[PDB]
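Student: need the 3D shape of this:
(chains A, B and C)
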Amino acid sequence: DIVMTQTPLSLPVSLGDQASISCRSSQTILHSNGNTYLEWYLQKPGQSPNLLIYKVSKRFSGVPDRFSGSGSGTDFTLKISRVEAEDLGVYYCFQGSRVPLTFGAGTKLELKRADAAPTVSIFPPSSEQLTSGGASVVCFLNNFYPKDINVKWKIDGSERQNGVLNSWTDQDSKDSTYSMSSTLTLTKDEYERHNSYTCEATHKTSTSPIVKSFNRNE
Amino acid sequence: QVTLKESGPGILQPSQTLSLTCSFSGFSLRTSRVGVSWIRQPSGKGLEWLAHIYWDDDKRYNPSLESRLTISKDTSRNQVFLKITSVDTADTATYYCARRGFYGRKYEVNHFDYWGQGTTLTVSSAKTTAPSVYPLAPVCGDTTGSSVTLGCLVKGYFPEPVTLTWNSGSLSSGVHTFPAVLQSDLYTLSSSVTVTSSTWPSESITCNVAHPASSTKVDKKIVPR
Amino acid sequence: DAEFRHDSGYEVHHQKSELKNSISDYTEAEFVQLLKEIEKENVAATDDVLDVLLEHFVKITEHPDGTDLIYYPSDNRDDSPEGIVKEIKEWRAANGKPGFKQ
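Tutor: Residues are numbered from 1 along each chain as shown, chains lettered A, B, ... in the order given. Below you will find the coordinate block:
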């Protein structure tokens, strides 16, 4: 393989705010024929990429005078001097002088918002599950910023990075509010025999516990 | 008019063999001179480059593959191909064909003007299975929320995808459905809908599902206390 | 495991339309234009483009031992390039042959 490096991997901002990313090719990409076949790609949400700039700095068909990007040899930069919505997406740098032709890893330029605290709702095993032979519980922690929210299910008997299941809704196209889907899942086997589990919190609204539990005995 | 169209089975099964067909409009592969690359992107990850052909059936593969990969074309048909041998779970990916174009005559100015939409392949030995629609209500203990949030859990389905909306247009003061996760070699995936206690914990419900390859929608509404 | 094939449209890569047939239809100035043209291309990337001037010079000028004038000039003389213009102007006169131009 060969490696390309991005900085940042996530750059959040608000509209009309200047933005700019950077890629460095582990070792020079200046092709024997003389040129520097490096490209700047973009993945708008829910659709393809999306070339912008080729050969370090020549800007492709119909892409605004705003999307500049100079560089040389290994360092190279992209700039948007006016972040808009047609701009928010994933940005991948890339190379083209040596096999294989490797993209960076991808910077997710995106909407910035002010800080929020999650709205976490817990949901004990439904009827039609204590029946399948299965019990799943689900905290739904909705609408926070930023995304540094952690949730480990420390089964007090044995610490279980088994049945640690999470997901993540990419930004909300209404209030810019992230969301995690934590899910503990079991038989009626620990859903009884063990007690004092814990739906764990963590955020930068308040470095202060939410930690839930198991309510066996009611 | 130039447009690019990948195609395939979209749902393979382990150590076998795929074929990807990439297909052109508006222009022609004989005195076009352009090349065609295969680039794949795995569900929830970056981008990786698989191979490339040139205006004169010249073929250049990623060494970190190569033996599996096989690339080819027809100009008569006007399309480019790609076989991957002993396909494995790792191939699970949306695949993109891509034209390697240029500024005309200035041949050495080669970039990738135009990429197709994408043809998505899941490679699991997991014969079709409909989902299980679990409706989920609030709680006995910590129950006095100034809000009201309900959930739905759609458990077990192969393959992707499913769709999920909500119930007879009522107060839809929010919705957060999540991306499918894989475990026990099957797809689980959730879904919420929020208010702040105004119409629930009282009123009507439906949690909508489709899963065409299995084809069902005879839903379930929640039952609490 | 490196080098991704690519393309070009210049003609052959680095080359100049220039050469003639005989000093006679060369002014000193075009000789200067010619020879110094080794100052550039030679030091370049390849020696399949140098052999072009190399062997026109060697041809048209004749004596004393072609390339040797270009390459191993002479200690107390002109070293690059108006002495090969000079010392060449000699030969052809003592050995019949006509000279430069306008």
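
Student: and residue B:147, how many neighbours?
Tutor: The burial count assigned to residue B:147 is 15, neighbours taken as other Cβ atoms under 10 Å in any protein chain shown. Every C-beta, even on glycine, is put in place using the N, C-alpha and C of the backbone.

Student: now it: how far from chain C?
Tutor: Remark: distance between residue B:147 and chain C (Cβ to the nearest Cβ, to the nearest Å) = 56 Å.

Student: and what of residue B:40?
Tutor: Noted for residue B:40: a distance of 18 Å to chain C, by Cβ to the nearest Cβ.

Student: would you say that residue is within a strand?
Tutor: Yes - with the criterion set as DSSP: H, G, I helix; E, B strand; the rest coil, the secondary structure at residue B:40 is a strand.

Student: give the bridge partners for it, please.
Tutor: When bridges are assigned using DSSP bridges, the partners listed for residue B:40 are residue B:48, residue B:95.

Student: ok, now which ones touch it?
Tutor: For residue B:40, the contacting residues are B:47, B:48, B:50, B:91, B:93, B:94, B:95, B:96, by Cβ atoms under 8 Å, 6 or more residues apart in numbering or on different chains.

Student: how about the residue of chain C found nearest chain B: what's its closest non-neighbour residue?
Tutor: As assessed by Cβ to the nearest Cβ, chain B sits closest to residue C:7 within chain C, at 4.0 Å. Distances taken as Cβ to Cβ, 6 or more residues apart in numbering or on different chains place residue B:107 nearest to residue C:7, at 4.0 Å, with adjacent residues excluded.

Student: please apply the same query to residue A:57.
Tutor: Of all residues not flanking residue A:57 in the chain, residue A:70 sits nearest, at 5.3 Å (Cβ to Cβ, 6+ apart).

Student: thought that neighbour was touching residue A:58?
Tutor: No - under the contact definition of Cβ atoms under 8 Å, residue A:70 does not touch residue A:58, with a separation of 10.8 Å.

Student: for residue 25, what are its contacts?
Tutor: In the absence of a named chain, chain A is used. Taking Cβ under 8 Å, 6+ apart as the contact definition, residue A:25 lies against A:4, A:5, A:38, A:74, A:76, A:95.

Student: please go with chain C instead
Tutor: Under the criterion of Cβ under 8 Å, 6+ apart, the neighbours of residue C:25 are residue C:101.

Student: chain C contacts on chain B?
Tutor: Along chain B, the residues adjacent to chain C under the rule Cβ under 8 Å from any Cβ of the partner chain are B:54, B:58, B:60, B:63, B:102, B:105, B:106, B:107, B:108, B:110.

Student: and which of those residues is nearest to residue C:83?
Tutor: Within those, proximity to residue C:83 (Cβ to Cβ) peaks at residue B:108, which comes in at 40.4 Å.

Student: tally of neighbours for the closest one?
Tutor: The burial count assigned to residue B:108 is 17, neighbours taken as other Cβ under 10 Å.

Student: which secondary structure state does the residue nearest to residue C:7 sit in?
Tutor: Applying three-state DSSP to residue B:107 yields a three-state assignment of coil.

Student: quickly note the distance from it to residue C:12.
Tutor: Note on residue B:107: its distance to residue C:12, by Cβ to Cβ, to the nearest Å, is 14 Å.

Student: more neighbours, the two?
Tutor: residue B:107 (16 against 8).

Student: got the contact list for that one?
Tutor: Residue B:107 is in contact with B:33, C:7, C:8, C:9, counting by Cβ under 8 Å, 6+ apart.

Student: residue of chain C with the smallest distance to chain A?
Tutor: The minimum distance from chain C to chain A, using Cβ to the nearest Cβ, falls at residue C:2 (4.0 Å).

Student: wait, that residue sits on residue A:95?
Tutor: No - counting by Cβ under 8 Å, residue C:2 sits too far from residue A:95 to count as a contact (11.0 Å).

Student: between the two, who's got more neighbours?
Tutor: Just comparing residue C:2 and residue A:95: by other Cβ under 10 Å the higher neighbour count belongs to residue A:95, 26 against 10.

Student: what's the closest non-adjacent residue to that one?
Tutor: Once its chain neighbours are removed from consideration, residue A:95 has its nearest residue in residue A:29; the separation is 4.6 Å (Cβ to Cβ, 6+ apart).

Student: burial check on that neighbour, number of neighbours?
Tutor: Residues lying near residue A:29 (other Cβ under 10 Å) number 24.

Student: state the helix or strand in which it lies.
Tutor: Counting by DSSP states H and E, residue A:29 is held by no secondary-structure element, helix or strand.

Student: coming back round to it: buried ones among the residues of chain B next to chain C?
Tutor: Neighbour counting with 16 or more other Cβ atoms under 10 Å in any protein chain shown marks B:54, B:60, B:102, B:107, B:108, B:110 as buried within those.

Student: closest to chain C out of those residues?
Tutor: Distances from these to chain C were compared by Cβ to the nearest Cβ; the smallest belongs to residue B:107, at 4.0 Å.

Student: that older thread, my guess is the residue of chain C closest to chain B meets residue B:110, correct?
Tutor: Yes - Residue C:7 lies in contact with residue B:110 (Cβ under 8 Å); the separation is 7.0 Å.

Student: any shared contact partners between those two?
Tutor: Overlap between the contact sets of residue C:7 and residue B:110, as judged by Cβ under 8 Å, 6+ apart, is given by residue B:102.

Student: let me know the helix or strand that residue C:58 is in.
Tutor: Secondary structure from DSSP H and E places residue C:58 in helix C:51-61.

Student: just the CA coordinates of that helix, formatted as CSV?
Tutor: What follows is helix C:51-61, C-alpha atoms only, in CSV (Å, rounded to 0.1, in the frame of the first residue of the first chain):
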residue,chain,number,x,y,z
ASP,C,51,23.2,12.6,-31.0
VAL,C,52,21.2,14.8,-33.3
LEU,C,53,23.4,17.9,-33.1
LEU,C,54,26.5,15.8,-32.2
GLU,C,55,26.3,14.2,-35.6
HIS,C,56,25.3,17.2,-37.7
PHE,C,57,28.2,19.2,-36.4
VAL,C,58,30.5,16.1,-37.0
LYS,C,59,29.1,15.9,-40.5
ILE,C,60,28.9,19.4,-42.0
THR,C,61,32.1,20.8,-40.4
